[PDB]
Structure formats: C-alpha cells, structure tokens
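Here is the structure we will look at.
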Amino acid sequence: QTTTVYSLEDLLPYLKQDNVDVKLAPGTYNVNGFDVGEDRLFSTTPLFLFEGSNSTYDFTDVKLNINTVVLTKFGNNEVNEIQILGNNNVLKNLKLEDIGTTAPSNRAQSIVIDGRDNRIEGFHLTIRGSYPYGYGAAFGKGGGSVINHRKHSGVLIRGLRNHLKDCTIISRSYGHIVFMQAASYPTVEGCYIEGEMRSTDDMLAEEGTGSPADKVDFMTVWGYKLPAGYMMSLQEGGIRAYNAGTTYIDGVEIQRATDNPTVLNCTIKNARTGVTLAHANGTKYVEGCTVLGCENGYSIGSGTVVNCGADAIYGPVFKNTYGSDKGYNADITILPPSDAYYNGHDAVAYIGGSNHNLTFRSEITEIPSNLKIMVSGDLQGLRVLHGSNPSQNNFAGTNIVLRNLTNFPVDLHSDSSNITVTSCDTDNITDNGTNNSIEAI
C-alpha cells in the first residue's frame with residue numbers, strides 16, 4: 001500500500017493527490033539551476049507544493065540538495081522550496097540542504113505549512129543564501145531598511161494545529177529560523193534550532209572597508225550608530241510568533257494573528273531569541289526548553305514557561321515585552337555559560353507589567369559584575385537604546401512575585417511597586433521602588 005518512487009520527477013505527481021502513501025527511495029537528489037524552467041522539472045515555485053490531503057510522505061535516508069542559484073531562477077518572486085496546502089499530511093525524515101550562499105532575487109522560505117493538522121517530523125534542514133548576511137536585522141528587516149534585504153527564512157508555520165516535531169534546523173541565513181504567522185494552535189516539539197553569532201565590534205571593524213555597513217556609517221534602523229559590546233545573531237528569531245499574516249485552509253484565505261502556540265522540549269542556540277510569543281493571542285505554553293547563547297531567552301508576554309533553561313552569556317534569559325504584559329508565570333533556570341560572557345545588555349532579566357509569578361533558579365556562583373535581575377528601569381538592550389522601541393523599555397512593574405533562587409543581584413527601580421521578592425541572599429537587592437517586600441528564604 002506504499003508507493004515507492006525513485007526520482008524527483010516521479011514524486012511530483014503524487015503531491016497533487018489525496019490519500020496516498022509515498023516513499024522517495026533512499027538516495028541523494030540534486031536540484032540545480034538547470035532543473036528550473038519551462039521545459040524543466042520545476043516549472044513553478046513552490047518547488048514541492050503538497051496540495052493533497054490525508055497523505056504520508058517518507059523521506060528516510062533522502063538527502064535533497066537544492067542549489068541556492070534556484071532562488072534566482074524565478075524572477076523577482078518569493079521562492080518556497082516546500083509548501084503544504086492540504087490537510088492531515090505527514091512528511092517525515094527528509095534531509096534538506098541549501099547548497100552555496102547565493103541570495104534570493106527577492107526572498108525565500110524553505111518550508112511553509114498552511115492547511116490544517118499537518119505534521120513535519122524528523123526533518124534536517126540547512127538554510128543558506130541571503131542578503132545582507134553578517135549584520136542580523138541591524139540595518140532593517142522590513143520596510144524603511146538602511147540596507148535593502150533579500151531574506152531567506154526556514155520554517156513558516158501557518159494554518160491550524162500544524163506540528164513541527166523532532167526537527168533539526170540549522171540556519172546560516174539572514175531570516176527567521178522557525179516562525180509562526182496566522183497560525184492557530186501551532187506546536188513546535190523536540191526541535192534543535194541553531195544560528196550563529198557575530199559581535200557588533202567585529203561588524204564595526206569594517207570601518208573604511210567599503211562594506212555595505214561601512215557605506216551607511218553603521219547607522220542602524222534603531223536610530224543610532226551600531227553600538228560596540230554586543231553579540232548578535234545573524235538570524236532574525238529562533239522561534240518567533242507574529243500577530244499578522246495570511247494562511248489558507250480548505251480554499252479559504254485567512255488573515256489573523258498567531259494564537260494558542262505550544263513549544264515543548266526544544267533547544268535553540270545562537271539565535272536572536274529562543275522563544276518569543278508575546279505577539280501571539282490565546283494560551284501560550286512553553287515547557288522543557290533549553291536556550292543557549294541567544295540574545296534573549298524567553299519573551300512569551302503572558303502564559304506559562306515551565307521547566308525551561310537559558311544561559312546569560314549574550315543577553316537576558318527573560319524579558320517582559322511591554323508594560324501591558326500580565327500573567328506571565330515562569331520558572332527559568334539560568335544555565336552555566338555555554339561560552340564566555342559577552343552580554344552588553346547589562347541584565348540577566350528585565351521585568352515589568354503586572355501580576356506575574358517568576359522563579360529563577362541557578363547553580364552559578366561566579367556572577368559577572370554587570371548582570372542583575374531588573375524590575376523596571378532603563379534596560380541597556382541593543383534595540384531599545386536612546387528611545388528606540390520606547391514601549392519595550394522603561395516601564396512600570398506592579399504586583400509581581402519574584403523568587404530569586406540564584407546569586408544574581410536584583411535591582412528594583414523607582415517605577416516598581418508591590419514586588420514580593422524572596423531570595424537566597426537579600427543584601428544584593430537594591431530597593432528603590434514602593435511597597436516592595438524583601439525576605440530571605
């Protein structure tokens with residue numbers, strides 16, 4: 001009852017059919033510029049468009065090499081390698097790798113999941129080829145860019161009840177690694193997501209080379225010259241949810257926010273953020289995750305972060321997105337450093353909004369001198385200096401339970417009130433707020 005096919009060419013017809021069970025035989029399959037054309041295997045993008053429903057696709061031991069030149073072969077159009085439009089499909093075990101570093105002519109996404117109740121599991125994805133590569137988003141990720149971009153992102157989860165499970169996503173590309181737009185009940189489970197980092201000092205060292213950053217005098221979209229002393233990801237987010245987007249289910253076009261995301265047992269390394277879901281609606285749940293060397297650990301806005309860990313080497317493990325944040329319940333272990341500290345944000349956590357219940361745990365005994373838990377105040381975060389992104393900084397914190405089971409000191413700013421702090425030691429806690437209560441445990 002399984003059909004086995006032995007070429008990309010014989011695979012492509014099944015993608016238009018419902019209720020099929022298909023296996024692409026073990027092997028290595030290359031897609032090159034010569035394969036894209038009128039006459040040719042791939043006449044249109046997306047390359048692999050899964051239009052059927054109730055189908056299973058087994059790619060065990062399949063290595064699919066897609067030459068990045070393919071991202072230029074469709075004019076000025078977005079190129080998608082794989083898109084699922086149908087429902088109730090299961091794709092498993094494919095190893096997909098972009099070959100070379102050619103940028104898209106416009107933009108690209110490796111995998112887009114529309115429809116409902118689809119699952120991608122056991123994939124291994126390597127994303128390459130984008131422009132500019134080497135500055136992350138410092139010179140723009142959307143309109144009004146200082147340096148025009150031609151982005152290439154990994155997995156875009158949309159649709160309803162779509163699931164990415166046990167996947168390895170390695171990004172060497174300027175774009176999101178795993179992101180959700182218009183997704184309702186998306187689940188990301190057992191995933192390993194990895195980007196790579198570069199110091200702003202190394203970028204600034206391009207002064208006088210004629211580099212694209214050197215040509216705009218390192219002026220960022222945040223309104224100031226790129227500051228020294230930060231470690232950035234070259235990618236946009238590890239797992240990031242958006243409040244906008246369009247998806248398609250059953251031939252209906254749907255424009256909505258992401259809602260009800262669940263992230264379980266993921267490891268995110270060297271990304272801008274491990275898990276950011278503050279812009280999703282409904283119930284946000286994060287459990288069993290490990291965030292290593294990201295610019296930011298967990299920002300879910302409201303909801304539940306439980307049994308999660310992050311290290312602090314490049315940025316805070318925890319950040320309330322806005323003063324509007326309420327009901328963020330979190331239990332976060334500050335993990336031993338995965339590498340030397342290079343955290344220019346001067347904070348292990350930034351807390352405000354109201355009615356949160358936050359527990360931080362750590363075995364760390366050597367505390368860098370610039371790192372503290374902040375309740376309110378002026379965060380020295382790369383993106384929020386000098387009034388940039390003003391709603392994401394300098395905001396009040398009220399009625400918050402803060403269990404500091406760590407040796408990190410705590411700084412309660414004058415805008416904080418009714419913070420109930422319990423701590424290993426209470427002599428590293430600076431209280432400049434109102435009606436805050438400090439108690440040793």
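Chain labels run A, B, ... following the order of the structure tokens; each chain numbers its residues from 1, and ligands are numbered from 1 in the order shown.
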
Report as a Markdown table the residues of stretch 24-131 of chain A within 8 Å of stretch 141-164 of chain A, each with its shortest atom pair and distance in Å (one decimal), using only C-alpha atoms, ordered by chain and increasing residue number.
| residue | atom | partner | partner_atom | distance |
| --- | --- | --- | --- | --- |
| A:103 | CA | A:150 | CA | 6.6 |
| A:104 | CA | A:150 | CA | 5.9 |
| A:105 | CA | A:150 | CA | 6.8 |
| A:106 | CA | A:150 | CA | 5.4 |
| A:107 | CA | A:151 | CA | 4.9 |
| A:108 | CA | A:152 | CA | 4.5 |
| A:109 | CA | A:153 | CA | 4.7 |
| A:110 | CA | A:154 | CA | 4.9 |
| A:111 | CA | A:155 | CA | 4.7 |
| A:112 | CA | A:156 | CA | 4.7 |
| A:113 | CA | A:157 | CA | 4.9 |
| A:114 | CA | A:159 | CA | 4.3 |
| A:115 | CA | A:159 | CA | 4.9 |
| A:116 | CA | A:160 | CA | 4.4 |
| A:117 | CA | A:161 | CA | 5.0 |
| A:118 | CA | A:162 | CA | 5.0 |
| A:119 | CA | A:163 | CA | 4.7 |
| A:120 | CA | A:164 | CA | 5.0 |
| A:121 | CA | A:164 | CA | 5.9 |
| A:125 | CA | A:154 | CA | 7.9 |
| A:127 | CA | A:154 | CA | 6.4 |
| A:128 | CA | A:152 | CA | 7.4 |
| A:129 | CA | A:152 | CA | 6.6 |
| A:130 | CA | A:151 | CA | 5.1 |
| A:131 | CA | A:150 | CA | 4.9 |

Could you find all residues in stretch 302-392 of chain A that DSSP calls strand (DSSP E or B) from the backbone, and write them as a CSV table (one decimal) with N, CA, C and O atoms, in the first residue's frame?
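The file below, selection.csv, is the result:
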chain,number,residue,atom,x,y,z
A,303,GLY,N,1.2,33.8,30.0
A,303,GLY,CA,1.2,32.4,29.9
A,303,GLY,C,2.1,31.7,30.8
A,303,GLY,O,2.4,32.2,31.9
A,304,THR,N,2.7,30.5,30.4
A,304,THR,CA,3.4,29.6,31.2
A,304,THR,C,4.7,29.2,30.5
A,304,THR,O,4.7,28.7,29.4
A,305,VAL,N,5.8,29.4,31.2
A,305,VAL,CA,7.1,28.9,30.9
A,305,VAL,C,7.5,28.1,32.1
A,305,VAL,O,7.7,28.6,33.2
A,306,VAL,N,7.6,26.8,31.8
A,306,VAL,CA,7.9,25.9,32.9
A,306,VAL,C,9.0,24.9,32.6
A,306,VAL,O,9.1,24.4,31.5
A,307,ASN,N,9.8,24.6,33.6
A,307,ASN,CA,10.9,23.7,33.4
A,307,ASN,C,11.8,24.1,32.2
A,307,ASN,O,12.2,23.3,31.4
A,308,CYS,N,12.1,25.4,32.1
A,308,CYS,CA,12.9,25.9,31.0
A,308,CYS,C,14.3,26.5,31.5
A,308,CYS,O,14.4,27.0,32.6
A,309,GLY,N,15.3,26.4,30.6
A,309,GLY,CA,16.6,26.9,31.0
A,309,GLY,C,17.1,27.8,29.9
A,309,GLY,O,16.7,27.7,28.7
A,310,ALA,N,18.0,28.7,30.3
A,310,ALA,CA,18.7,29.6,29.3
A,310,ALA,C,20.0,30.0,30.0
A,310,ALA,O,20.0,30.4,31.2
A,318,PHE,N,15.2,36.5,30.1
A,318,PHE,CA,13.8,36.7,30.3
A,318,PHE,C,13.5,38.2,30.0
A,318,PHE,O,14.3,39.0,30.5
A,319,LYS,N,12.5,38.5,29.2
A,319,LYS,CA,12.2,39.9,29.1
A,319,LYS,C,10.7,40.1,28.9
A,319,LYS,O,10.1,39.5,28.0
A,326,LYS,N,0.8,40.9,31.4
A,326,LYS,CA,0.1,40.5,32.6
A,326,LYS,C,0.1,38.9,32.7
A,326,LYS,O,-0.3,38.4,31.7
A,328,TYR,N,2.4,36.6,33.3
A,328,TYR,CA,3.5,35.8,32.9
A,328,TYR,C,4.0,34.9,34.1
A,328,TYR,O,4.5,35.5,35.0
A,329,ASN,N,3.7,33.6,34.0
A,329,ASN,CA,4.2,32.7,35.0
A,329,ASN,C,5.4,31.9,34.5
A,329,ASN,O,5.2,31.2,33.5
A,330,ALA,N,6.5,32.0,35.2
A,330,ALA,CA,7.7,31.4,34.6
A,330,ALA,C,8.6,30.8,35.7
A,330,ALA,O,8.6,31.3,36.8
A,331,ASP,N,9.2,29.7,35.3
A,331,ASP,CA,10.2,29.1,36.1
A,331,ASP,C,11.4,28.8,35.3
A,331,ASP,O,11.4,27.9,34.4
A,332,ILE,N,12.5,29.6,35.4
A,332,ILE,CA,13.6,29.6,34.4
A,332,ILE,C,14.9,29.3,35.2
A,332,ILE,O,15.2,30.0,36.2
A,333,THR,N,15.6,28.3,34.8
A,333,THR,CA,17.0,28.0,35.3
A,333,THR,C,18.0,28.8,34.5
A,333,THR,O,17.9,28.7,33.2
A,334,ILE,N,18.8,29.6,35.1
A,334,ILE,CA,19.9,30.3,34.4
A,334,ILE,C,21.1,29.3,34.4
A,334,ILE,O,21.7,28.9,35.4
A,349,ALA,N,17.7,39.7,33.4
A,349,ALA,CA,16.2,39.6,33.2
A,349,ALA,C,15.8,41.1,33.2
A,349,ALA,O,16.3,41.8,34.0
A,350,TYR,N,14.7,41.4,32.5
A,350,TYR,CA,14.0,42.7,32.6
A,350,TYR,C,12.5,42.4,32.7
A,350,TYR,O,11.9,41.8,31.8
A,351,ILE,N,12.0,42.9,33.8
A,351,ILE,CA,10.7,42.5,34.3
A,351,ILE,C,9.8,43.8,34.5
A,351,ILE,O,10.3,44.8,35.0
A,353,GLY,N,5.3,45.2,33.7
A,353,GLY,CA,3.9,44.7,33.5
A,353,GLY,C,3.3,44.4,34.9
A,353,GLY,O,3.8,44.9,35.9
A,354,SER,N,2.4,43.5,35.0
A,354,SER,CA,1.8,43.2,36.3
A,354,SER,C,1.3,41.8,36.5
A,354,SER,O,0.9,41.1,35.6
A,357,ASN,N,4.3,35.8,38.1
A,357,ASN,CA,4.8,35.0,39.1
A,357,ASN,C,6.1,34.4,38.6
A,357,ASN,O,6.0,33.5,37.7
A,358,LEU,N,7.3,34.8,39.0
A,358,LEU,CA,8.5,34.5,38.3
A,358,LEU,C,9.5,33.8,39.3
A,358,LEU,O,9.7,34.3,40.4
A,359,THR,N,10.0,32.7,38.9
A,359,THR,CA,11.0,32.0,39.7
A,359,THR,C,12.2,31.8,38.8
A,359,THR,O,12.1,31.3,37.6
A,360,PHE,N,13.4,32.2,39.3
A,360,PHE,CA,14.6,32.0,38.6
A,360,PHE,C,15.5,31.1,39.5
A,360,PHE,O,15.5,31.3,40.7
A,361,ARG,N,16.1,30.1,38.9
A,361,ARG,CA,17.0,29.1,39.7
A,361,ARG,C,18.3,29.1,39.0
A,361,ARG,O,18.4,29.2,37.8
A,373,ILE,N,19.1,41.1,37.9
A,373,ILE,CA,17.7,41.0,37.6
A,373,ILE,C,17.1,42.4,37.8
A,373,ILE,O,17.3,43.0,38.9
A,374,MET,N,16.5,42.9,36.8
A,374,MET,CA,15.9,44.3,36.8
A,374,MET,C,14.4,44.2,36.9
A,374,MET,O,13.8,43.5,36.0
A,375,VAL,N,13.8,44.9,37.9
A,375,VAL,CA,12.4,45.1,37.8
A,375,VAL,C,12.2,46.6,37.5
A,375,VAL,O,12.7,47.5,38.2

Next on the checklist: Can you tell me which residues surround residue A:202 at a distance of at most 9 Å, considering only C-alpha atoms, apart from same-chain residues fewer than 4 positions away, and format the answer as a ChimeraX atom specification?
Outcome noted: /A:198,206,228

Item to check | Near-residue A:317 list (7 Å; only C-alpha atoms; drop same-chain fewer than 6 positions) as a VMD selection string | outcome: chain A and resid 296 to 298 310 to 311 348 to 349

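Among A:254, A:31, A:234, A:183, the residue with the shortest atom-to-atom distance to residue A:133, counting only C-alpha atoms, is A:234.
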